[PDB]
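Using the numbering used here, the letters of the sequence shown correspond one by one to residues 2 to 218.
A virtual CB, placed ideally from N, CA and C, is assigned to each residue, including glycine.
As structure tokens, the structure follows; a few thoughts come after it.
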Amino acid sequence: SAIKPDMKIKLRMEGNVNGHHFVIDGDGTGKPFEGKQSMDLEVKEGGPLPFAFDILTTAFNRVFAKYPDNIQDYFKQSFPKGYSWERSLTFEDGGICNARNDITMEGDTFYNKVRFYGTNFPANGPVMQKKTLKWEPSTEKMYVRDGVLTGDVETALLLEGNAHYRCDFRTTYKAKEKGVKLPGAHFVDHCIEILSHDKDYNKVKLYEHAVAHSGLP
């Protein structure tokens, strides 16, 4: 295996939401075989961010997912050359984002070149008013569409005052190496949480646990 039980993560995100430019750096560690990762995120430019930090967090690597022997692990077989993804996020009030990640590996470290573009968020809505609390736990449906591995998520952010703000994500995943074999259809369960933050979310500790399964217990 190219992938060790303990891997480092290095990340830089550049992006723009509703006109607002920002740069965020990440440093972390994870256990690819246990499906667990944590990282320290630091806003380097454009802080304090004028929108809910939560919209960014699923952009901050499906290599960190526990895959059973009976599902093909496209992500771990992508290394060492790596893979990219592209994602469209569609929010219920017309907010739309496009995100991408190019993931590479050097020794014990995943490098992530992340881009995040958001537009059409209403000024009075929960994202620009900073009313989000968290992502609910989600299930990603993985399947092949016109020869491309595709993940669909139908999920929600919990808001202040017992309300939910619905989001649909579609992600396409592509290995850099031609002829990494596509998996069969399956599921990946996700739990993402902010573990700590400072006053304006200039520094955030992020955690994700993910487990691949076939729909049975």
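For residue 213, count neighbouring Cβ atoms within 10 angstroms of its own Cβ and tell me buried if that reaches 16, exposed if not. buried
If you draw a straight line from the C-alpha of residue 171 to the C-alpha of residue 94, how long is it? 17 angstroms
Kindly confirm or deny that the segment 183 to 202 and the segment 52 to 59 touch, where touching means at least three C-beta pairs closer than 8 angstroms. Touching, yes.
Length of the line joining the Cα atoms of residue 22 and residue 44: Between residue 22 and residue 44, the alpha-carbon positions lie close to 11 angstroms from each other.
Test: residue 131 CB closer than 8 angstroms to a CB of chain B: Included in the structure is just one protein chain, with no chain B present.
Can you give me the start and stop residues for the beta strand (DSSP E) that residue 64 sits inside? Counting along the chain, residue 64 falls outside any beta strand (DSSP E), and DSSP gives it neither H nor E.
Residue 117 and residue 14 - do their beta-carbons sit closer together than 8 angstroms? yes
Status (buried if at least 16 other CB within 10 Å, exposed otherwise) for residue 91: exposed
Cβ-based burial, residue 71 [other Cβ within 10 Å; buried from 16]: Its Cβ having fewer than 16 others within 10 Å, residue 71 is exposed.
Output the boundary residues of the beta strand (DSSP E) element that contains residue 1. The shown model of the chain, from 2 to 218, leaves out residue 1, and the question about it has no answer.
If I'm right that residue 4 touches residue 80 with Cβ under 8 angstroms, what's the distance once you round it to whole angstroms? 6 angstroms
First and last residue of the uninterrupted alpha helix (DSSP H) at residue 38: Not the alpha helix (DSSP H): residue 38 falls in the beta strand (DSSP E), residues 37 to 46.
Sub-8 angstroms separation of residue 210 and residue 31 beta-carbons: no
Just mark residue 165 as buried or exposed, buried being the case when its beta carbon has 16 or more other beta carbons within 10 Å. exposed
Give every residue of the same chain whose Cβ lies closer than 8 angstroms to the Cβ of residue 188, excluding the five residues on either side of it in the sequence, and list them in chain order. Result list for residue 188: 140, 141, 142, 143, 213, 214, 215 and 216, in chain order.
What is the DSSP secondary structure of residue 181, counted as helix, strand or coil? coil
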